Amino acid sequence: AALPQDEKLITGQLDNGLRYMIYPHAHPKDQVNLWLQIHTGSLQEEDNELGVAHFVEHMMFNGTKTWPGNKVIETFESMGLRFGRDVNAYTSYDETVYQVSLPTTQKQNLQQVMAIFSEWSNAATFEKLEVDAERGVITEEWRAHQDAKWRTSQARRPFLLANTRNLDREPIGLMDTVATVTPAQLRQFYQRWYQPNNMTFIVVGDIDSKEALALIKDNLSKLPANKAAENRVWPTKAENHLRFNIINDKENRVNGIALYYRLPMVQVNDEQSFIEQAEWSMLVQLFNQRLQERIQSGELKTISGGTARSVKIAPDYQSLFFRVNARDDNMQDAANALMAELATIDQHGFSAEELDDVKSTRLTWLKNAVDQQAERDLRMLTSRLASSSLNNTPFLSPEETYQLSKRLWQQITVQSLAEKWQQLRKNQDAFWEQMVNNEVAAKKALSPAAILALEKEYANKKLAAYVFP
């Protein structure tokens, strides 16, 4: 049974195939976000196109038919719109998005911005001199972003992205492709993927339905009805092997231990998939709740903190990890705390009071989210709608989210979660990870045999059931 989209959301398609999504919002008043979403990122690049989706994105600000060279930037600047502030763009594995935020009070400026979007759609020129200028830009940005977080992501990457197309398609690409790719090759990718049926224009902000629909139709319906190439899908394959990693980086600020599981990610488009996602989310929250209760009650002063989280790793896949942050260089205490909590849940699961508290506090938040919906952050709301568009999943209103949760969560029990926990714990696609920032913590890090001997020790213990306070 298909989920309804927010009552206030306006969706549709122009005759040329371009899709649009309009959502009214008046916080801040007289502000609108205009985003052009290309449903193609780095995943679709051929072996000789590594970083071309990202290079194409940069080329939108360096020449169009009406605005050659720096004229697109000079036009935005004449309307008080600055690159990196009001005007932005990004390329990910899944998409390329072009973003403009401006007031709604100057109608000629709204029209001017729409005229620029029309030319980014099919009239970018890729001038030789401009392409050559951007090679240096991309090369410098590639080096600049190589910080501790990037080095940690690079080290985790083979473990986290095993058997994904994402592993071979990091958006920055190769500097050797950036240096040699011809303007004709950049033009080829652009004309292959930048066609109306692979585009969604998103309007979020303080504009009425009639005016927003007219902005789109008056400026984007004349784009020729060309069909883009089909976006290919690479199904992620399980890696039924337990792996181990130690990330040693002196610039990282937190030492700790984590267990990562990799599993399919269901798209929330019906009642059954809404329940499946809610069960993984609740297992994650219940873990977090128990750890925080043990820390605040004073039971765990041997550790600093920790979390459980789910992360998207590919269009069809996710990782669920359980992390405990170490107190200084005390790697043994971190491992002990994590293993002890995972084994306690293995043996007794969660209580009816623990689940009842997670549900009631989430419903309280959801109810208040309905009451305060007019005050939602514009940027966050635009991002959620862009995400629904990318995943072809219904964009639920705060009211639908609240009503669905109140009704569908009654199918979530201590028994249904115990089943899901046992399934997750038998998942062979897993890896242990430790993070160290000095040679004392590095010497203290557990080797793989020690990790598993600690797991066996806890598995064979008759551990006591946790009692919700």
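All residue numbers are counted from 1 along the displayed sequence.
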Completion exercise
Stretch with higher mean Cα temperature factor, 277-285 vs 326-334, is 326-334
Completion exercise
Once average C-alpha B-factors are taken from the entry for 209-217 and 249-257, the winner is 249-257
Problem - Residue with maximal Cα B-factor (values as given in the PDB entry) among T40, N70, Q423, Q415 - result: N70
Handout entry: Top Cα B factor in the deposited entry, candidates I202, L381, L174, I313
Key = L174
Problem - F117 - which third its CA temperature factor falls in, relative to the rest of the chain - result: lowest
Practice task
Select lowest, middle or highest to describe the third in which the CA B-factor of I10 falls within its chain in this entry.
Solution key: lowest
Problem - Cα B factor band for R262 (lowest, middle or highest third within the chain) - result: lowest
Completion exercise
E95: C-alpha B-factor third of its chain, per the entry, is the lowest
Exercise for the section: Looking at the entry's B-factor column for C-alpha atoms only, identify whether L396 ranks in the lowest, middle or highest third of its chain. Expected result: lowest
